[PDB]
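Have a look below at one chain only, the form deposited in one PDB entry, in structure tokens format.
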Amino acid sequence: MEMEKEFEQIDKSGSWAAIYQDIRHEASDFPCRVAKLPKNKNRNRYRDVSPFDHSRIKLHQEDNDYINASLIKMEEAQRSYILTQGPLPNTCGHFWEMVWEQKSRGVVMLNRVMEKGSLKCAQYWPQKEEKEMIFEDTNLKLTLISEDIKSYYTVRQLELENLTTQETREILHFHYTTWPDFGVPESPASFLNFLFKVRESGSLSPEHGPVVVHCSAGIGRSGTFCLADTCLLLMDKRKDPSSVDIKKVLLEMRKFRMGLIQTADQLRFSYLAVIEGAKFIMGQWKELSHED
């Protein structure tokens, strides 16, 4: 399998770090002037992680439309994602205003609220049906409707209400809960399963706004999700699946948001996910059926 073979060549030569550095060097650099405005200081989790001005998402509110989020538009694959940082105590209302204004169906969360004894993002969703959340600054209501805790992830149904208009929508929260505190997963099996669970839900589909993907910084684990998904999608769209080059797909995603894939291990893991994902697609995690 084309890339598989390259994969193995990089392993033999032990050059993941060198491959990864080439990407860091070749990546786009665009300005992030709005992100750096003194007034957005508390809207950014990390100083070194900002959205480029050209692909940033804008809040449809007057005066301060800023949120640390980017639209990654994959023209060939026909997929769009909004990669964002994990909400802060002060940006949960902005986070949901965005979900609302962008017409997203799903939110993909790839971290735990606490990891390594530290807080990785705010608790931005209700944990109990009877205890709903209200975000006064953006005038929105959010209710946990149902929760389905599984082995490697938890899916939640939430109801988001725009208090101004009393309009409501169902939002699906797909929460991968098993990313290990250090390094990356040993096998992609579970991440691939989770990705395909997200697809199944319609959250990545054209009839809805872009999916909202986040981790803590919104470039590491988050990059892996979008990169893996796009690559797989391209492999069954093209006449020559082997022609799909991950490094080049990654460089294209980085035109829209900086840092996607933060370590050589994340890179190696992404290859793995695509390779094993393609191999699954070409023959238990799913029904032997072919009803469709």
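Whichever C-alpha set is largest while still superposing within 1.5 Å between the two forms counts as the rigid core. Residue indices: 1-based, along the sequence shown.
This next part talks about the form solved in complex with a small molecule, which is not shown.
Among residues of the shown chain, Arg56 is not one whose heavy atoms approach the small molecule to within 4.5 Å in the entry with it bound.
Taking the partner from elsewhere, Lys39 is found to have every heavy atom lying beyond 4.5 Å of the small molecule in the entry with it bound. Proximity of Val213 to the small molecule in the entry with it bound: non-hydrogen atoms within 4.5 Å are absent; the residue sits far from the partner.
For the chain shown alone, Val107 is not a contact residue for the small molecule in the entry with it bound, no non-hydrogen atom being within 4.5 angstroms. When both forms sit on the same rigid core, the CA shifts between the shown form and the other one reach 2 angstroms or more only at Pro180 out of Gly117, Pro206, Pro180, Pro89.
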